[PDB]
Structure formats: C-alpha cells, structure tokens
Amino acid sequence: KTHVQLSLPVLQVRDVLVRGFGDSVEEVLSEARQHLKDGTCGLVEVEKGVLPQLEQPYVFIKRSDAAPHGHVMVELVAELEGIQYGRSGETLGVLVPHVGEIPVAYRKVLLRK
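Criteria and thresholds
Residues numbered from 1 in each chain as written, not as in the entry; some residues may be left out. Heavy atoms only, no water. Residues with missing side-chain atoms left out of burial classes, pairs and counts. Helix = DSSP H or I, 4+ residues; strand = E, 2+ residues; numbered from the N terminus. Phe/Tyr/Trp six-rings, centres within 6.5 Å; stacked < 30°, edge-to-face > 60°. Buried < 20%, exposed > 50% of the residue type's maximum accessible area, 1.4 Å probe, protein only. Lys NZ or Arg CZ within 6 Å of the ring centre and 35° of its normal. Contact = heavy atoms within 4.5 Å. Pairing = 2+ DSSP bridges. 1 Å grid on protein atoms, 1.4 Å probe; cavity = no way out; pocket = protein on both sides within 12 Å on 5 of 7 lines; lining within 4 Å. Points joined across faces, edges and corners; volume = space filled by probe spheres on them. Nonpolar A, V, L, I, M, F, W, Y, C, P; charged D, E, K, R; others polar.

The name given to the protein chain in the PDB entry is Host translation inhibitor nsp1, and the organism recorded there is Severe acute respiratory syndrome coronavirus 2.

As structure tokens, then:
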C-alpha cells in the first residue's frame, strides 16, 4: 500500500534514549522508514529547546494534505545544518527511535510509504 495507518507514541524529549537515526540525510530517512515499518518509531513534539536536545540530521513528519479515519496524512522531511530534503506541510513532530520509553500520547498518522 502507498499509505500505512500508524499510531506513533509521543515521547518527552528528556526521556529519549536514542536521540536520532544516524549520521547522513539518506541514513536517517532510511532508518526512520524502517522503524516506522517495525513499530519502533517515536514522535517528539517540536517546541522551544527540543531540537538542540536531539541529534542532526533530524527526520520530521509533515502534514502532506488536509485526515482519513482520524489519521493525518504525513510524509518524511530530513534536515541537516538548516537545509531540508523534501518539501511538505506543517511539522507534527520529530521522529526518533523508540526503545521502550513511556509515551504521553499517541499521534494517529497515515504515512506516505
């Protein structure tokens, strides 16, 4: 399927144990997509002070359209030293590996895959 319904655990930035997906734009997008498929991907909501506490390159989920079955349609955009790879809508948050941190909420998304 071109889209997959996912429920992403929303993590507090200070709980996150693995603060990024790797070392290059291509690696972080690759790893983010693998962790989304494997159900091992968390979401951190972006506010003042969050991104400097995570590792670049960043992987964002961005709204791709204006929401089937309660799932917002999203796509991946990476960022490294202020340049983004991809073009999309409003940021829903930054993706990180999930390694058992307790979430504060879930974010239902329809991931363009």
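*Asks:* Can you help me understand the overall build of the protein chain in this one?
*Replies:* Within the protein chain, the secondary structure is distributed over 1 helix and 7 strands. For the protein chain, the α and β elements follow one another from N to C terminus as β-α-β-β-β-β-β-β. Based on the C-alpha atoms only, the size of the protein chain along its principal axes is roughly 35 × 30 × 25 Å.

*Asks:* Before we go on, may I ask you to explain the packing of aromatic side chains in this structure?
*Replies:* Here a ring pair, both rings aromatic, is described through the centre-centre distance and the interplanar angle of the planes. On inspection of all chains with the given rule, the structure shows 1 aromatic pair. Measuring from centroid to centroid gives 5.9 Å for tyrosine 58 and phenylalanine 60, while their planes differ by 55 degrees, and the two rings are tilted. Just as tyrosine 58 is buried, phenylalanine 60 falls in that class too. The ring of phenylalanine 60 carries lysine 62 above its face, with NZ or CZ at 5.7 Å from the centroid.

*Asks:* Please clarify how the environment of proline 57 should be interpreted in this entry.
*Replies:* With respect to the element layout, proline 57 can be found in the loop between β2 (41-44) and β3 (58-63). For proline 57, a relative accessible area of 3% gives the class buried. Linking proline 57 and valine 25, residues 32 residues apart in sequence, is a C-alpha distance of 5.9 Å. Apart from residues no more than four positions distant in its own chain, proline 57 is found in contact with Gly22, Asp23, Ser24, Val25, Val28, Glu79 and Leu80.

*Asks:* Is there a simple way to explain the environment of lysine 62 in this structure?
*Replies:* In this fold, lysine 62 is placed in strand β3. Here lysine 62 is in contact with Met73, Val74, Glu75, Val77, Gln84, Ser88, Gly89, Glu90, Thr91 and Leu92, once residues within four sequence places are set aside.

*Asks:* How do you make sense of the pairing of β3 when you look at a structure like this?
*Replies:* For a regular strand, side chains alternate in direction, first toward one face of the sheet and then toward the other. Most of β3 sits out of view: 5 of its 6 residues are buried. Relative to strand β4 (residues 72-80), β3 runs antiparallel, the two being bridged by 6 bridges. Each residue of the ladder has a partner; that of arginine 63, found in β4, is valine 74.

*Asks:* Can you help me understand empty space enclosed by the protein in this one?
*Replies:* Leftover empty space is mapped by rolling, across the atoms, a probe with the size of a water molecule. Here the largest cavity defines a volume of roughly 40 Å³. Together, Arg19, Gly20, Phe21, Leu54, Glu55, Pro57, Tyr58, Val59, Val94, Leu95 and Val96 line the largest cavity. Mapped onto the lining of the largest cavity, the elements with two or more residues apiece are β3 and β6 (91-97). It is β6 that contributes the most residues to the lining of the largest cavity, 3 residues altogether. Of the residues that constitute the lining of the largest cavity, the class distribution is 8 nonpolar, 1 polar and 2 charged.

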